[PDB]
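6 protein chains.
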Amino acid sequence: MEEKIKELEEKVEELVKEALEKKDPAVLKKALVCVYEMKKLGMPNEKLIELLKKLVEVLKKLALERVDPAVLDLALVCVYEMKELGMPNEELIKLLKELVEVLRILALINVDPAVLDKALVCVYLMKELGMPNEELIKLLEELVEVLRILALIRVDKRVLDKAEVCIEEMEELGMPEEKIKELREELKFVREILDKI
Amino acid sequence: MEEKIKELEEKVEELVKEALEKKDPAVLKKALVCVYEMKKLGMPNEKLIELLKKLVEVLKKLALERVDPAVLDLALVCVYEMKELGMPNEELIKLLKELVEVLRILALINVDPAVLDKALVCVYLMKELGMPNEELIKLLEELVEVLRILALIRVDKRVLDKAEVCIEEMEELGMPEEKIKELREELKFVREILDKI
Amino acid sequence: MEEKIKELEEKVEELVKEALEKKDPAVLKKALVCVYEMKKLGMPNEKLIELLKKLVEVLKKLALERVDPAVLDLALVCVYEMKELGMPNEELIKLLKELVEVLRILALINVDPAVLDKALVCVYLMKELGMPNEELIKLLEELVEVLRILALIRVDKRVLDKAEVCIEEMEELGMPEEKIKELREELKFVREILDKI
Amino acid sequence: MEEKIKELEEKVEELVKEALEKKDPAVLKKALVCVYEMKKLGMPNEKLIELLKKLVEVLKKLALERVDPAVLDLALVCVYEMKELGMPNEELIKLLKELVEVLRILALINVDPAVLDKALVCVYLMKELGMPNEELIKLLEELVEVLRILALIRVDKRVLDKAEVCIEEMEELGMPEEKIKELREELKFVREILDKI
Amino acid sequence: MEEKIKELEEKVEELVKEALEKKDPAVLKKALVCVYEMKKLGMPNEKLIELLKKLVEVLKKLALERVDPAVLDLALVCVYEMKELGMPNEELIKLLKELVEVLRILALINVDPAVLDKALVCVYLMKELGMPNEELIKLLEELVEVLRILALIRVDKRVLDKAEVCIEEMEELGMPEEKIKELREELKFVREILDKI
Amino acid sequence: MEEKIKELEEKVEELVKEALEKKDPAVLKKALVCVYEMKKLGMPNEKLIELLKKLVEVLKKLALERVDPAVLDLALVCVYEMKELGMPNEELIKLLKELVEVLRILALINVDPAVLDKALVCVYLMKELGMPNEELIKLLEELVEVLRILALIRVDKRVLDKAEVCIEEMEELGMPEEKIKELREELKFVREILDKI
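Protein chains in written order, with PDB author numbering: chain A, 1 to 197; chain K, 991 to 1187; chain I, 793 to 989; chain G, 595 to 791; chain E, 397 to 593; chain C, 199 to 395.
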């Protein structure tokens, strides 16, 4: 067995090197096939976690350097693979904070609200795993920001309701109602412009 | 007769050797046409079964080494051809276990729930052919898992209802009610997340 | 006159030789135009029937060596041309029995139920022309087989209703009710699986 | 003036020779643009009629030698241009018989019922201009045949209703009622088949 | 500043000479951008009207020498630009007569009614700018002609109602009622044929 | 830190230099990624505002020299980046006047009503930032003009309703009614033309 495992690590290594030059996730799909083969053979769970890291920490670069959200969907399923292998909860929370930030930047520059839905499900996953409350308030305020901006750049009334649901999450978590009211006013102001269109 | 049969075997052989380098099921389609011609020519039923194994096995490799679902549809047909030629029930249950265990990995890595329906069809086929109750529950737990994951990776409420249906098949198959309620609570949690959207 | 007739036979045979190498029906479409021109010139009706055979018996080979079913639509039209020219009803039934077989192999290998409707139309045309009942039972049984298999590969409830209609044709031919009940049981079993989906 | 007129005739000639080698109506669209300039320059109306004839009698060759219907739409336009220029009624009736007599063979070989509507329009145009009554009935019987054949090759009930309306034109034009009942029986037979589908 | 002004005239010249040989309007879009820059630089209004004439009198020639309608949309815009800069009403009416004629020819040679709406808009614009009722009637009779022809060639009931509205404009402009009755009879004859569809 | 900041400034400016020659926004998207990296590295706010200016003042020239509107969407995002980053309100009003003054040309030369919505939201942003009444009213008259022109160049009722809403913004913001009544009469004339269609 261990010969194949080393050869599959070599495939993952060769494919990382090639993928960074080709800028395409298909090269890393082959690498995940090899990761799942190593898992099927049986391998140290920590080595499988670090192999998964050695892909997540390359998928970000690929997703940025060729602006594309779909590359991150493959990354997200590998986060649940590290969950199932027993990566520590603090490390999951670290990784998820980090991936939320590449969604946040990519959703802005590509001008697309649908990509933010990944961020919302990741924020609820960190609510499940127990990230500190002020840090949820931060990512919800931030994602309310990118929803607000995209609702102005592209005309669609629905985008503001998602932000209002995220305001109710900050209300449910507890925050000074002065901030809540400020945010509400901004969203209803943007609605009063989209009402015209 | 026998010369055409041998020349059709030689065609299957060379088409297989081409297909693995070419990476396309279009090559294997002509090989399967030639398998049907050898059926019409009355080649021995066991030889057809073995040639069909020596296409199912190549379809698995092709489907993995360039990821899409469609290649497997030929394998699903060829399983019923082996049923009809009289391959033993134990060998059908073997290949159906094995092929479900390629649907599962490809559904994850390509991020698509639609392929999972074929796995459910194959589960009910192994129910028809008499797989043991625990082993049916095992694939139903697994496919409930890949449904749960794709219901988180993309927003669509319907995916969880198919999972709920499959939990009720494990209930029909006598799974412990404590495990049923654990699984249910997870799916209702994912529905409460999708209710936001 | 006869110079144009020979030149059209030359066009037909040289385009046949070309088409087999190029693998496309568009080469034969020009030959079929040249066949209609030979009809317009009053070429003997038997010579025209034989020229139509010399296309039908090449259309099937093209339609196997590449898998697309649209090539057969010319064959179907040319069967009615031989009907109009007065080819014997027994020989129509022979050509139709032959053509119905290529429809089966493309339905299966292309994994597509929509082509089978053409087989149902041809079964009813042999009902019109007077095939012996037990041979309709064969084709009807076998076609409900391909319908049953594609209802498992491709998930759509409607396919089984065509199969029920074709069981009612076997019941209209008076086939023993033991077979009807077996076929029905297998179909409501497949419906009960598709009811899940 | 006459220099431009002759250079436009030369353009028509050069474009006709080019079109027949290139096999594309866009070369002839250019020639018709030039004919419309020659028409605005007020050259002899009979020369314009013969120039339009020398495009109609090349559009048909193009439309056969590669099969698509849209080439004929130019021809049908130029028929009304020749009507307006005052071409004798028997030439219109002759050319329109000829175009009906290309719509048939192209509608058959492309297996497309939708083109036949242009034929029915040209039938009613020859009803306006007058034709010997049995010749309308011949073209209506023929088009009722291509409608019947395409109602078998394409599964769609609607095609038989157009044919029924056309039978009622043969009824209005007074072919004997036994022949009408033969046509009707054949069409309700095809409807009883398409009722299954 | 005058250096940029003459350089923008030279850019118009260069891009015109390129466009007219290359045959694509995208080259003239840049020349118009340079015209709008010269307007912003306060180039004299009559020079700008002549520069605009020196593009309209090339858009038409491009739009004939390869046949598509969209090239004329620029010209329709630039006419209102010339209106704003103070082109004489007689120059507008002349030029709009000229452009309406290229819509009329292009609507025949390419089998499409949708372009004729732009001609109807220009008719109402010359109604606003004060063309005589008799000349409006001339264009309305012509556009009723091309509507009638396309209604027959490429069957759709709806096209004919626009022509009825345009007959009511000739009635409003004042036309001898026997002519209105002739046109109505021809148009209802065309509807009675479009009932056979 | 400062080495990465200088390298990111160099990576911006060298992509900008080639973006102008290549003529595509995908080059500048990578430069804007590197701008967000320089904010992440804490480069001083006034240098980041300068870089955002340097980028916007190249986005416009690209969006003119190739005529498509989507390039401006980045510019709108970077304007809100400068808002948040703390560029003074009067020079936001300057940049927003300047950017509206490319939409107003690009909407005409590549005929499209839909882009004007991006201008209307920027007008209401300059309302929020407090540009003077008569300067908004000028842009609203101008955009009511481009809405008027496109409502004539292509048929759609809705374009006039946006313009009516915008005229009522001028009534709210304060302008005498003779302008309102003139504008209304013109828009009602365009509705009366579109009522024909």
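All C-beta atoms in this analysis are idealised placements derived from N, C-alpha and C, irrespective of residue type, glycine included.
1) Contact between the segment 91-103 of chain A and the segment 1106-1125 of chain K: three or more CB pairs below 8 Å?
2) So within the segment 660-731 of chain G, which uninterrupted alpha helix (DSSP H) runs reach at least 4 residues, ignoring any that extend past its ends?
3) By the 7 Å beta-carbon criterion, what residues does the segment 17-45 of chain A contribute toward chain K?
4) What is the C-beta distance between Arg785 (chain G) and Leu737 (chain G), in whole angstroms, given that I count them as a contact (C-beta under 8 Å)?
5) How far does the alpha helix (DSSP H) with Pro572 (chain E) in it reach, from first residue to last?
6) Going by alpha carbons, who is nearest to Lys258 (chain C) out of C:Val321, C:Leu348, C:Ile391 and C:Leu274?
7) Any idea if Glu46 (chain A) is buried or exposed, counting beta-carbon neighbours within 10 angstroms, 16 or more meaning buried?
8) Closer than 8 Å by beta-carbon distance: list the chain A residues that pair up with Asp354 (chain C), in chain order.
9) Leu535 (chain E): which of E:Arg550, E:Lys553, E:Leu569 and E:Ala415 sits nearest, CA to CA?
10) Taking the alpha helix (DSSP H) that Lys355 (chain C) falls in, what are its first and last residues?
11) With distances taken Cα to Cα, identify the nearest neighbour of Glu961 (chain I) among G:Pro770, G:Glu608, G:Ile787 and G:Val665.
12) Select from the segment 749-775 of chain G all residues with a C-beta closer than 9 Å to any C-beta belonging to chain E, and list them in chain order.
13) Would you decide whether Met280 (chain C) is buried or exposed? Buried here means 16 or more other CB atoms lie within 10 Å of its CB.
14) Provide the residue span of the alpha helix (DSSP H) that contains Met439 (chain E), from first to last.
15) Applying a beta-carbon distance threshold of less than 7 Å, which residues of chain E neighbour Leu734 (chain G)?
16) Among the residues of its own chain, which have a CB less than 8 Å from the CB of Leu262 (chain C), if the five just before and after it don't count?
17) Using a cut-off of 8 Å between C-beta atoms, extract the partners of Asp987 (chain I) located in chain G.
18) I'd like to check one pair, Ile365 (chain C) with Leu350 (chain C): are the Cβ atoms closer than 7 Å?
19) Can you find a CB in chain G that lies within less than 7 Å of the CB of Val408 (chain E)?
20) Please identify, using Cβ separations under 8 Å, the residues of the segment 67-78 of chain A that lie next to chain K, in order along the chain.
21) Cα separation between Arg154 (chain A) and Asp711 (chain G)?
22) Near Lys553 (chain E), which residues of its chain fall below 6 Å by C-beta distance, leaving aside the five closest residues on each side in sequence?
23) Apart from the five residues just before and just after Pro861 (chain I), which ones in its own chain have a Cβ nearer than 6 Å to its Cβ?
24) For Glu729 (chain G), verify whether its CB is less than 6 Å away from any heavy atom of the ligand GTP.
25) Counting only C-beta atoms, is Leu152 (chain A) closer than 7 Å to chain C at any point?
26) Rounded to whole angstroms, how far is the Cβ of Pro509 (chain E) from the Cβ of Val467 (chain E), which I believe are closer than 8 Å?
27) To the nearest angstrom, report how far apart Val79 (chain A) and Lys1171 (chain K) are at their CA atoms.
28) Taking 7 Å as the threshold (C-beta atoms), are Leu15 (chain A) and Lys30 (chain A) in contact?
29) Span of the alpha helix (DSSP H) holding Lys605 (chain G)?
30) Please work out which residues of its chain come closer than 7 Å, Cβ to Cβ, to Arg660 (chain G), disregarding the five sequence neighbours upstream and downstream, and give them in chain order.
31) For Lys188 (chain A), name the three-state secondary structure that DSSP assigns.
32) Residue 742 (chain I) versus chain K: which residues are under 7 Å apart at the beta carbon?
33) Of all Cβ atoms in chain I, is any one closer than 7 Å to the Cβ of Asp1107 (chain K)?
34) Taking the alpha-carbon positions, what's the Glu164 (chain A) to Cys122 (chain A) distance?
35) Beta-carbon within less than 6 Å of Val621 (chain G)'s beta-carbon, same chain only, minus the 5 sequence neighbours each way: which residues are those?
36) Mind listing the chain G neighbours of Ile501 (chain E)? Cutoff is C-beta to C-beta under 8 Å, in chain order.
In brief:
1) They do not touch, by the three-pair rule.
2) Listed in chain order, the complete alpha helix (DSSP H) runs (minimum 4 residues) inside the segment 660-731 of chain G are 665-678, 683-703 and 710-723.
3) Per Cβ criterion, the list reads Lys29, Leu32, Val33 and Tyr36.
4) Not quite, the Cβ-Cβ distance comes to about 18 Å (not below 8 Å), so this is no contact.
5) Run containing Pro572 (chain E): none; DSSP gives neither H nor E here.
6) Residue C:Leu274 is the option with its Cα nearest to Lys258 (chain C).
7) The residue in question, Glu46 (chain A), is exposed, as its Cβ has fewer than 16 Cβ neighbours within 10 Å.
8) Per Cβ cutoff of 8 Å: no residues; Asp354 (chain C) is ~15 Å from chain A at best.
9) With distances taken between Cα atoms, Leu535 (chain E) lies closest to E:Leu569.
10) The continuous stretches of alpha helix (DSSP H) do not include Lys355 (chain C), and DSSP gives it neither H nor E.
11) When only C-alpha atoms are compared, the closest one is G:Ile787.
12) When CB distances to chain E are screened at a threshold of 9 Å, the residues of the segment 749-775 of chain G falling below it are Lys756, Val759, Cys760 and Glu763, in chain order.
13) The residue in question, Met280 (chain C), is buried, as its Cβ has 16 or more Cβ neighbours within 10 Å.
14) Premise fails: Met439 (chain E) is in no alpha helix (DSSP H) and is neither H nor E.
15) None at all; the shortest Cβ gap to chain E is about 11 Å.
16) Sequence-distant partners of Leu262 (chain C) (beyond 5 residues in either direction) whose C-beta falls short of 8 Å from its own C-beta, in its chain, are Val300, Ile303 and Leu304.
17) Per Cβ cutoff of 8 Å: no residues; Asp987 (chain I) is ~23 Å from chain G at best.
18) No, these two residues do not count as a Cβ contact at 7 Å.
19) For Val408 (chain E), no CB of chain G lies under 7 Å from its own CB, so it is not counted at the interface with that chain.
20) Correct list: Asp73, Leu74, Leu76 and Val77.
21) Distance from the CA atom of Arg154 (chain A) to the CA atom of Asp711 (chain G), rounded to whole angstroms, is 45 Å.
22) Closer than 6 Å at the Cβ level, and outside the excluded window around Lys553 (chain E), lie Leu590.
23) Excluding sequence neighbours, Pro861 (chain I) sits near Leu898 and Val907.
24) Ligands are entirely absent from the displayed structure, and the ligand GTP is therefore not among its contents.
25) Chain C, which has a Cβ nearer than 7 Å to the Cβ of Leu152 (chain A), makes this yes.
26) Their Cβ separation, rounded to whole angstroms, is 18 Å, which puts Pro509 (chain E) and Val467 (chain E) out of contact at 8 Å.
27) Each residue's Cα considered, the two are about 25 Å apart.
28) With a cutoff of 7 Å on beta-carbon distance, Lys30 (chain A) and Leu15 (chain A) are scored as near each other.
29) Where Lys605 (chain G) is concerned, the enclosing alpha helix (DSSP H) stretches over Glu596 to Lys616.
30) These residues qualify, in order along the chain: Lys617.
31) The DSSP-derived three-state label of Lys188 (chain A) is helix.
32) With chain I covering only 793 through 989, there is no way to say anything about residue 742 (chain I).
33) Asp1107 (chain K) has a beta carbon lying within less than 7 Å of a beta carbon in chain I.
34) Those two C-alpha atoms are separated by around 18 Å.
35) The beta carbon of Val621 (chain G) lies closer than 6 Å to those of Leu609, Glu612 and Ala613 in the same chain, with the five residues before and after it left out.
36) In chain order: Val627 and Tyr630.
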